[PDB]
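Enquirer: Let me give you the structure first, and then I'll get to my questions.
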Amino acid sequence: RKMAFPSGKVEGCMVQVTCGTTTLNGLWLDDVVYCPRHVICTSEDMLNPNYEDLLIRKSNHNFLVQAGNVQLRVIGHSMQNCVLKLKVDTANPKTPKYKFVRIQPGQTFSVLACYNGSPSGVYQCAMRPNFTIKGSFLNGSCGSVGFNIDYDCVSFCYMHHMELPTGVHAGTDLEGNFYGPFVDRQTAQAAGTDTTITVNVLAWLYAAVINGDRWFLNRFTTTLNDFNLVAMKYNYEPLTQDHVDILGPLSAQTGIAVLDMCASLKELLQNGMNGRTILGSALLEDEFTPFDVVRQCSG
Amino acid sequence: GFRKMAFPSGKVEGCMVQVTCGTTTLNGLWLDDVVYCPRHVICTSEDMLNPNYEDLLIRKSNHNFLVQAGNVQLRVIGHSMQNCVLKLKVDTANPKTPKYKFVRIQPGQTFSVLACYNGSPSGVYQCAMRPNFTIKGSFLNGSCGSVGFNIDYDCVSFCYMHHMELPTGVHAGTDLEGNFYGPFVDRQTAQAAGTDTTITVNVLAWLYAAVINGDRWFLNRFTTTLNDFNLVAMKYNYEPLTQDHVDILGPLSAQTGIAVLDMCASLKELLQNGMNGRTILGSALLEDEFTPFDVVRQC
Ligand SMILES: *[C@@H](O)[C@H](C[C@@H]1CCNC1=O)NC(=O)[C@H](CC(C)C)NC(=O)OC[C@H]1C[C@H]2C=CC[C@H](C2)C1
Ligand SMILES: *[C@@H](O)[C@H](C[C@@H]1CCNC1=O)NC(=O)[C@H](CC(C)C)NC(=O)OC[C@H]1C[C@H]2C=CC[C@H](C2)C1
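In the order they appear, the protein sequences are chains B and A.
Position in the first sequence counted from 1, then plus 3, gives you the entry's author numbering.
Position in the second sequence counted from 1, then plus 1, gives you the entry's author numbering.
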């Protein structure tokens, strides 16, 4: 089951940011509010914005930052890649311990979908290999963030900026660098062909083994290079060394070597399921990370 | 986009505490100056095999209950039992108490679960009350006292408190008056549920969601009467569709231009032919834990 992180620590950081009649969400940490820089655009500006020129025309007093109906006075501003940073005169007393991280494809995170600075729902997303996410985002959702929580610390990894023709979503890290080859312009853009997240499928197979569903374990092994070359013919991602390493704990727990599991997956790709199921499904699941399998099979 | 989405959990996170009696620890819900929790906290492992709860409870004193909110012990100054829930009066009001109600939900209705361990929130997810009054949750040892809820405006409606897992892996619990959903008892003995059925009005909502998101492969030119649909639905262990259900689906029908009974004829075809390998909103199975309201809210 997809399980999100408890959202309270992030809810306490959500604000709204308005420039003119353009409103979206911002993230208030200490005395800085982070938000998408296209808040400075009119609808017509978005077709072909010159952000440097648009921002030179702005001053601190052109930005309306609100926590609910309570205005936070803006005392400084700057642009960092595709994010605006607004210094405000109040440090957020609900600021959690936090970090800004840039995630890899395959990593999952919780999204707190917000409208007008108000949280509406929380759900789990996986960053696809084509650097899109299958979100649920409507008009006004920009500036909603994705995050993971480890012990005390919220790791912010995603800020929402746009939807693509195919219905999927694109955005940046909290330094304003897009995931993928997208730009914050209201122009026709296309997500490239997606692929299956191999490291997560392997995590799912380990989860199946942990729960006693292990008919697919075969008697073979493989090399990582051989496996990578075969898997790409099935539109699966190649594994990295870091992938092998993050499967370590599940490999240790089950006693199944990573490359033996790779050989088992290879046989599933080459010969199919043959009518059988795994964890009550004939589809291989690729949106649970090794950490997610551990998270859920533990507490 | 369309995603299984939970309510933001912050208002509930600020109510979760840890309750300890003997070697038994679970979670409580702290509202104003009362902590609510499952009464089986008062049982030893031996007591749980066949507890006479009124007899066990009369023998406890206030100081037998250790309530911890974070690193802070709250002193218990009174205790009573309401059906299967224990109410501990404490000497401190929870300053984070939200506006709240206690409600008893109907089978087929959805809610969000905040899974907690040792009074600390661990994850949030969306559940439905099944027709057989189980829930397909993700609960581990120590999760008891986790609650299910819905949020409307500023108001949290608590509808579920977690008590147990069945041999089949599904879960059972009570409302906040301590009455179980279903024919279950808080005794450590193997218990089976009634035959489950599929929540038909929810499957139809999800099929409409799939259209709203541009997928209509499963539609057809046929139609059906309500009764002839219900004959087929019951044959496949689907719940009957009422005229209230038809009405409740009106907004989705209007939006998409697909009459409710036309979508019923679509579902009838899916039930009689299967999906022939295809998928809907990424699922190889018909999903029945989105209500019409859930779909509408998110679309
Ligand atoms: C937040 O400002 C907003 C969120 C999106 C609106 C609908 N769903 C979203 O996720 N972002 C934008 O409106 C964005 C601003 C540009 C400056 C980057 N543009 C955008 O997302 O365009 C998508 C629109 C327009 C058509 C194109 C593709 C999808 C769909 C039709 C919605
Ligand atoms: C909370 O105290 C705890 C939560 C469950 C533990 C495992 N998953 C849960 O949801 N509740 C209990 O342990 C409960 C106490 C009784 C007094 C009502 N009993 C229970 O849930 O039994 C199920 C356990 C024990 C074995 C029997 C069948 C299923 C499985 C093995 C889990």
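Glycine included, each C-beta is placed from N, C-alpha and C at the ideal position.
(1) My guess is that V114/B and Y126/B are in contact by the Cβ rule of under 8 Å, so how many angstroms apart are they, rounded?
(2) Which residue from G179/A, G183/A, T98/A puts its Cα closest to that of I136/A?
(3) Does any residue of chain A bring its CB to less than 7 Å from the CB of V148/B?
(4) Using a C-beta to C-beta distance shorter than 7 Å, which residues of chain B count as neighbours of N214/A?
(5) Under 7 Å, do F134/B and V13/B count as touching if we go by C-beta distance?
(6) Can you tell me which of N231/B, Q83/B, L253/B puts its alpha carbon nearest to the alpha carbon of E178/B?
(7) Tell me whether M130/A sits in a helix, a strand or coil according to DSSP, three-state version.
(8) Give the secondary structure of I281/B by DSSP, where H, G and I count as helix, E and B as strand, and everything else as coil.
(9) Can you give me, in chain order, the residues of the stretch 5-26 of chain A that have a beta carbon less than 9 Å from any beta carbon in chain B?
(10) Taking the alpha carbon of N221/A as the point to measure from, which residue in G15/A, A206/A, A266/A has its own alpha carbon closest?
(11) Which word fits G174/B, buried or exposed, when buried means at least 16 other C-beta atoms lie within 10 angstroms of its C-beta?
(12) Taking the alpha carbon of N72/A as the point to measure from, which residue in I249/A, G79/A, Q19/A has its own alpha carbon closest?
(13) Could you check whether the Cβ of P122/B sits closer than 7 Å to any Cβ belonging to chain A?
(14) Counting contacts by CB-CB distance shorter than 7 Å, is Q299/A in contact with chain B?
(15) Can you tell me the Cα-Cα spacing of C44/A and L57/A, whole angstroms?
(16) Check for me: the alpha helix (DSSP H) holding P252/B runs from which residue to which?
(17) Is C145/B closer than 7 Å to residue 3/B when the C-beta atoms are compared?
(18) In chain order, which beta strand (DSSP E) runs of at least 3 residues are fully inside the stretch 148-216 of chain B?
(19) Take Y237/B and list the residues in its own chain whose beta-carbon comes closer than 7 Å to its own, dropping the five residues that flank it on each side.
(20) Flag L27/A as yes when its Cβ comes closer than 6 Å to any non-hydrogen atom of ligand 2, and as no otherwise.
(21) Indicate the three-state DSSP secondary structure (helix, strand or coil) for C265/B in the structure shown.
(22) Does DSSP classify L242/B as helix, strand or coil?
(23) Apart from the five residues on each side of it in sequence, which residues of its chain come closer than 8 Å, Cβ to Cβ, to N274/B?
(24) Cβ-heavy atom distance between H41/A and ligand 1 below 6 Å?
(25) Counting only beta-carbon atoms, is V73/B nearer than 7 Å to chain A?
(26) So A7/B is in the alpha helix (DSSP H); what residue range does that whole segment cover?
(27) Identify every run of the beta strand (DSSP E) within the stretch 12-61 of chain A, keeping only runs that are complete inside it and at least 3 residues long; order them along the chain.
(28) For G15/B, I'd like the list of residues in its chain whose CB is within less than 6 Å of its CB, leaving aside the five on either flank, ordered along the chain.
(29) If we cut at 7 Å on Cβ distances, does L250/A have a partner in chain B?
(30) Please decide whether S158/A counts as near chain B, where near means a Cβ-Cβ distance under 7 Å.
(31) Quick check: is any heavy atom of ligand 3 less than 6 Å from the C-beta of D248/B?
(32) Go to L67/A, then tell me how far its beta strand (DSSP E) extends in each direction, as first and last residue.
(33) What residues in its chain sit with their C-beta under 6 Å from that of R188/B, if we drop five residues either side in the sequence?
(34) Given that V125/A touches chain B, what residues does it touch there, using C-beta distances under 8 Å?
(35) Please state if the CB of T225/B and the CB of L250/B are separated by a distance shorter than 7 Å.
(36) Check the Cβ of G275/A against every Cβ in chain B and list those closer than 8 Å, keeping chain order.
Expert: Short version:
(1) 6 Å
(2) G183/A
(3) no
(4) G170
(5) no
(6) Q83/B
(7) coil
(8) coil
(9) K5, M6, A7, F8, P9, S10, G11, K12, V13, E14, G15
(10) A266/A
(11) buried
(12) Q19/A
(13) yes
(14) yes
(15) 8 Å
(16) 251-257
(17) Because chain B is modelled from 4 through 302, residue 3/B falls outside the range shown and cannot be assessed.
(18) 148-153, 156-166, 172-175
(19) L272
(20) yes
(21) helix
(22) coil
(23) none
(24) no
(25) no
(26) Where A7/B is concerned, there is no enclosing alpha helix (DSSP H), given that its DSSP letter is neither H nor E.
(27) 17-22, 25-32, 35-39
(28) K97
(29) no
(30) no
(31) Among the ligands modelled here, namely ligand 1 and ligand 2, ligand 3 does not occur.
(32) 67-70
(33) none
(34) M6, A7, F8, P9, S10, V125
(35) no
(36) Result: empty, since nearest Cβ-Cβ is about 12 Å, beyond 8 Å.
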